[PDB]
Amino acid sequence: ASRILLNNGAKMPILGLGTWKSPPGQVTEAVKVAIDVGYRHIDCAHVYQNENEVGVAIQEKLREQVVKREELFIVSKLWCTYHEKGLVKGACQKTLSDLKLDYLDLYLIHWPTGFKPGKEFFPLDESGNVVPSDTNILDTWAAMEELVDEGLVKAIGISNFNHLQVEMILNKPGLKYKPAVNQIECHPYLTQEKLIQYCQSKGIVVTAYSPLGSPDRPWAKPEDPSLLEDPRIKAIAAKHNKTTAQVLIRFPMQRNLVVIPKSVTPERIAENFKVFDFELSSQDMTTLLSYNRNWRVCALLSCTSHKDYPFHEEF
């Protein structure tokens, strides 16, 4: 099935297009091509600095009547410098304005860590540590709930929250809306079994980011493990007459996850969508899971002293 039912009663496409690092002069075409070849879910964020250009593509495809707005599922994320109650609505509205939308399908707290507001996305002290905000995650959640009640967003969720932080939200006094989604890094080298089971047991849908291991991440080191080049994964793909990327995308789908591979290459955008016509066996799935090594693309390494840094915790 192409969509998963969320705890807000809406359905979310299990395959979406990622847009982190998609250059602004390429992302409009990427999103146009994606919609043309079947994608109905785009993963966005203000911090990616390309929402205007994503929006141009969405608006053109709506105008062309390639798709209806109700058939699209557009996700964005509240950046860390906007955790303050009085800044959340304006951050959401800037994203809506850039994406050329009147509502988002899903709006996520991008990270649990709040930073000092201002122009800088990573405000630093003179010694290089990120400068925190005193705003706690629970008050930021209350501000997210208001966006649902104002009609700006259909669903709210979280991203990069560890198990205890998810629990904190679920245990919030006076909680009005549960998170619909927790978007986390997940691939065969970071399989996330504990966090995924917890979220799924609470009815929170998990989205897997960096499913191909983000080979374009800015801090890649040549010695790092490489999913797309792992001969063991290549062998599973060859057995199924699929590409390694197609296996890497199908894998989270069969764990009841949503998955958001990024590409700006038209052929790969189309490739990555052709994952609804084959099945990995249970043995394939367990074999892929066995490759876990707790290896992260995204460890927010500049924020490790923040009180809310998510990755000291086991999960």
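Numbers for residues come from their place in the sequence shown, where the first is 1.
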Handout entry: Per the entry, higher mean C-alpha B factor between 302-310 and 21-29
Key = 302-310
Fill in the blank from the handout: Entry B factor averaged over C-alpha atoms, 221-229 against 204-212: higher for 221-229
Practice task
Could you say which of 113, 159, 191, 171 has its CA atom at the highest B factor, as listed in the PDB entry?
Solution key: 171
Fill in the blank from the handout: The largest CA temperature factor among 94, 178, 77, 234 is found at 234
Exercise for the section: Compare the C-alpha B factor of residue 251 with those of the other modelled residues in its chain, then answer lowest, middle or highest third. Expected result: lowest
Fill in the blank from the handout: Chain thirds by Cα B factor, record data; residue 63 belongs to the highest
Completion exercise
Assert third(CA B-factor, residue 83) within chain per record equals middle
Exercise for the section: Taking the values exactly as deposited, rank residue 36 by C-alpha B-factor within its chain and report the matching third: lowest, middle or highest. Expected result: middle
Problem - For residue 185, the third of its chain into which the C-alpha B factor falls - result: lowest
